[PDB]
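Enquirer: Give me coordinates for this.
(11 chains, ligands or ions: 10)
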Amino acid sequence: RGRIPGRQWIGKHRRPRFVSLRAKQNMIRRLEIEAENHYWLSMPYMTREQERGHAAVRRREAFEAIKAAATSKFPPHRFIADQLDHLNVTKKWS
Amino acid sequence: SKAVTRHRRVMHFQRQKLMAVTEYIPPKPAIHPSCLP
Amino acid sequence: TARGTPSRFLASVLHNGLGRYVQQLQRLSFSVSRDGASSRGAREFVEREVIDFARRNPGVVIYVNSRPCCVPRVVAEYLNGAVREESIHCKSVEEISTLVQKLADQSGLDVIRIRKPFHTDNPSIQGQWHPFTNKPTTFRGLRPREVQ
Amino acid sequence: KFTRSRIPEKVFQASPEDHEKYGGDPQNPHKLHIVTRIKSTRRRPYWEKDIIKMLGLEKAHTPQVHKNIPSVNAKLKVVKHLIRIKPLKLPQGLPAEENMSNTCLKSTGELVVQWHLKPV
Amino acid sequence: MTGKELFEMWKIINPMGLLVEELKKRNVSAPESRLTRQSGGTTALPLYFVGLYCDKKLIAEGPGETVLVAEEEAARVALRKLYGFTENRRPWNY
Amino acid sequence: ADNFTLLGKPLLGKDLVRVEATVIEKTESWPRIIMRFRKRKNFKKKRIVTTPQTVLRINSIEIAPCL
Amino acid sequence: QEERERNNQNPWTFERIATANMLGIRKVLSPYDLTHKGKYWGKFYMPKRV
Amino acid sequence: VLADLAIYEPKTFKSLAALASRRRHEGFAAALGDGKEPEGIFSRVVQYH
Amino acid sequence: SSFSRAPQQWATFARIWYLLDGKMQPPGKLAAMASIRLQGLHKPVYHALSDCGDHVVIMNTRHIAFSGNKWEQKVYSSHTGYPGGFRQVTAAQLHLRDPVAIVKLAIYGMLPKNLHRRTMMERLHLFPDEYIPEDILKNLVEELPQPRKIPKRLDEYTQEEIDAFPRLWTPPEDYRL
Amino acid sequence: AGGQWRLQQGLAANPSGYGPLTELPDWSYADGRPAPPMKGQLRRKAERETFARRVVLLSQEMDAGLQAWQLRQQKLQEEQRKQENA
RNA sequence: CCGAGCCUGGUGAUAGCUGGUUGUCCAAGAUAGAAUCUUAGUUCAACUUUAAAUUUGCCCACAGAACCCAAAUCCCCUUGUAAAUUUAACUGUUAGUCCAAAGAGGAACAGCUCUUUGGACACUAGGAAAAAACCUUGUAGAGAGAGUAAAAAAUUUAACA
Ligand SMILES: [Mg+2]
Ligand SMILES: [Mg+2]
Ligand SMILES: [Mg+2]
Ligand SMILES: [Mg+2]
Ligand SMILES: [Mg+2]
Ligand SMILES: [Mg+2]
Ligand SMILES: [Mg+2]
Ligand SMILES: [Mg+2]
Ligand SMILES: [Mg+2]
Ligand SMILES: [Zn+2]
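Expert: Residues are numbered from 1 along each chain as shown, chains lettered A, B, ... in the order given. Ligands and ions are numbered 1, 2, ... in the order given. Below you will find the coordinate block:
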């Protein structure tokens, strides 16, 4: 007795989940935070034409720095010291 | 399943929470309008 | 694994912290090979900073064997008699130095799981808790529902 | 079907009592939005998650500064439900070069330029 | 010595007799032992608390399985308190 | 102490107390094992760590009359 | 109906929450919901709903 | 630490419980009148900068 | 402290004999508290490995009262083991047969479902009437208070309370009553 | 617990975030000497300086854009003046 | 052990078919479709990976994009950010399930089937009872520290002159 048809959370007939005041409080909190977010999003500080052409310089320097870092790709340097330090394994006290 | 159904199609939990929070909160005075007034 | 491995309660040797602190690493015995690319690290360590090690730590004693070995070893025993064998085979000098320094810092007691990260021989003040601490008494000591 | 939701601009039109309660003066408005991520980027569309990635808020509970300008407010509107925002407060003026190091934030959205680390 | 207390190092006999001897050396009356609290008296695990009171004033309380164990433990407590070797005493200075 | 105590808001004054503690030993912690395993996917990996640990002993505590 | 939707003390109404999209609820919702705000579910109609 | 304190020195934990009860009473007085009153003495807070 | 080690341990982990009276109390609350004390949660030294339980005894289970129409609503059900042995008895008849079974099974449900449940149920004690064997009305410690109050009856309300209580309305004289 | 109260009072919801419980030094030499800064505090402070420099640059760029708009509007004014003078 | 014997050789017969496939550690990584004696497969495209050259790449601001007879979309300077294209070399995936939404078929049935936008799963963790697909939540460790997230169903019913 007490069986559910098929799976418990899907299909034409499922186990009916219900709401709790815990979830109600949680969601009202989320949405009131979102309402104050709307408020603070309002009243901008500058206009489109005011803010049009100020950051293009910084964006340009950023993109050219990225280009330089990407172009800077080569093999590393090789050195006689790094090569010949492999000879140091056969040392022994005389 | 389909949108319109013969039975009441059980809805998503988020939606059911939203509908359970959104109701007509009747504006009542602190005093009942019969005994005092 | 904790249940497979033994355990101990945290403790110090002889209560070293109260009195004068003493470096309770007693002895080191290095076994190195003249030949062998594996013993190059030990040889260069003995060259540079084993002298400085002994001079920094006069209390400890150091023996060097310098005998043919396919693998260089370091043996160290502590005040308790705790033995510690370690293999420095194919090991760099800076990490060998850190190893020796940590052995000098380490005490004479084998490393295993510690049940408790502290130890207080005088834990309880104001009297240990018993069930009758936080409840009152009765007039001339009467149990509930008792005439005399 | 599910699509990018257009927001009517009338939503972002403050009322007199809204001003009175939030203490946000429309005249002489703030300049900078402190932002923090409250919601999971999972179970969210690719545009929302990659937009917050572009803004640079992969890490939660991390106050990050953006401008108060329409181009950014667009993305902020798009991912508004995922974030707690608040404008920047400072009584002590901009941080001087001498006080670059003794800076500290507050839960009230304020930025103290000096941090003496002891009570009044 | 810091760890173990007195009577693990220095065993004694007739602690209550030694206690009355000490109290009469200090010129006070011979106190009486009185059970303050008890539980499970008929139970297989009797538990008693004995207090040593002089002139209607207490000096030491002691738990015990039985009355004798409780009173001798209270005598030991009084001895520790008198000699000043209470576990809550000033640690050794360095 | 046995009959009193002093609370901070949050912490007490510096010169009011003086808590001296000595370091006694530094060691590698006993080897702690961490492995991740998944089912029917040949995903198995093991790793062993030896976290460093230090031991202190508190020598003495004293109180100043400065209230 | 009109006086109830005028005099409801709830500061939160389906039209507001939907036109705002304050929790991505347009996911669970339909575009028809914008005009079928709360009263409708498929063919049904709850007049008490607001 | 609250646990081991209540274990080994119950007098201090009883002091803490009395402190908490008094703070509850101060909070109730504040719930009655938030301002327009002298704030609780223990409810007073420290300002750091 | 300045106590000895073994006596200190003994007094710390010792057992306690709690008593309660079941005169007009709810078995729900009574079993909740009895479970707390049997587990020994009230001891701040509680951990599952040490059986820090305490003996509990309750009196006058016969004079127990539920909240609601539970005397009829509730159904204590048990299967004997044979076919058709699926017996059910309402709380009323189950009480008439055995007045303690209600409270003991209530605590049986309250307590954890580990094998310690049976041991703690053994430690529990039970009496439908205000009478006790000598040993276990002797070896007691303390009688903690009851969860709820008992409302007074008209014969119990003194006269001065009635006089202090103001009368609310004036009846007309012409009325049979 | 109490994080909301700490926030309404002005402190961090988590005491480990900021304040005297976490920013102060955790140890000092018995002789009274100052201990070296720990890596957590060092990285937090570096992050704070980066944050502050970012705030400064952002505000400077916003003010520069506003000033550039003002200059461009003045240009437009003076060039209309030129036009009707022609 | 005869739908046509047993033995040997070709013969290690072939098999898109089943099964199996050995030491340690790390990183990136399921992704439109077309043709096929083709749908248990394969080839190409796409996706994924690797190493390099180059520069624009994602979000996008006004404006712009049909007569017939709705949610959104395309392009798109700025701004926010750092990726994208091309080149050289292959492999593998290419029989997919639920949910929300727009539709069709069906019975306005299916844990049904088929397309589209999106999400999750086939990767870890907490919760709804156990629970793939529901809600929170992702970059990995030691802790005998702390603050939060989603997170517990409420209902009792009809007198009448
Ligand atoms: Mg099933
Ligand atoms: Mg659908
Ligand atoms: Mg044949
Ligand atoms: Mg073959
Ligand atoms: Mg095939
Ligand atoms: Mg990976
Ligand atoms: Mg573009
Ligand atoms: Mg299907
Ligand atoms: Mg199906
Ligand atoms: Zn009335």
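
Enquirer: can you pull the contacts of the nearest residue to residue F:44 once chain neighbours are set aside?
Expert: Leaving out its chain neighbours, the residue that sits closest to residue F:44 by Cβ to Cβ, 6 or more residues apart in numbering or on different chains is residue F:37, at 5.0 Å. Every C-beta, even on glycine, is put in place using the N, C-alpha and C of the backbone. Counting by Cβ atoms under 8 Å, 6 or more residues apart in numbering or on different chains, residue F:37 makes contact with F:43, F:44, F:45.

Enquirer: what distance separates stretch J:47-59 from the centre of its chain?
Expert: Mean C-alpha position of stretch J:47-59 versus that of the full chain (Cα atoms, centre = their mean, to the nearest Å) differs by 5 Å.

Enquirer: for stretch A:44-62, that is, sorry about that
Expert: The answer for stretch A:44-62 is 24 Å, by Cα atoms, centre = their mean.

Enquirer: Then stretch C:93-103?
Expert: 16 Å.

Enquirer: Contacts for it, please.
Expert: C:25, C:28, C:41-42, C:44-45, C:48-49, C:53, C:74, C:76, C:84, C:86, C:88, C:91, F:26-28.

Enquirer: Next, count neighbours for residue A:53.
Expert: 12 (other Cβ atoms under 10 Å in any protein chain shown).

Enquirer: Test my guess that it contacts residue J:61.
Expert: No - the criterion here is Cβ atoms under 8 Å, and residue A:53 misses it with residue J:61 at 11.2 Å.

Enquirer: Now the closest residue to residue C:80 other than its chain neighbours: phi and psi?
Expert: Leaving aside its sequence neighbours, residue C:80 sits nearest to residue C:108 (Cβ to Cβ, 6+ apart; 3.9 Å). As for residue C:108, its main-chain torsions (degrees, to the nearest 10) stand at phi -90, psi 70.

Enquirer: Report the separation between residue C:108 and residue A:50.
Expert: 74 Å (Cβ to Cβ, to the nearest Å).

Enquirer: go on, residue I:33?
Expert: For residue I:33, the distance to residue A:50 - Cβ to Cβ - is 71 Å.

Enquirer: Same question for residue D:108.
Expert: Distance from residue D:108 to residue A:50, by Cβ to Cβ: 29 Å.

Enquirer: who has more neighbours, those two?
Expert: More crowded of residue D:108 and residue A:50, by other Cβ under 10 Å: residue A:50, with 21 against 13.

Enquirer: Give the phi and psi angles for that one, as a check.
Expert: Dihedral angles (degrees, to the nearest 10) for residue A:50: phi -70, psi -40.

Enquirer: Could you find the closest non-adjacent residue to it?
Expert: Computed as Cβ to Cβ, 6+ apart, the closest residue to residue A:50 that is not its neighbour in sequence is residue J:69, at 4.4 Å.

Enquirer: In this structure the one you found contacts residue J:62, no?
Expert: No - Residue J:69 is beyond contact range of residue J:62, at 10.9 Å (criterion: Cβ under 8 Å).

Enquirer: higher neighbour count, the two?
Expert: Using other Cβ under 10 Å as the criterion, residue J:69 and residue J:62 rank with residue J:62 on top: 21 against 18.
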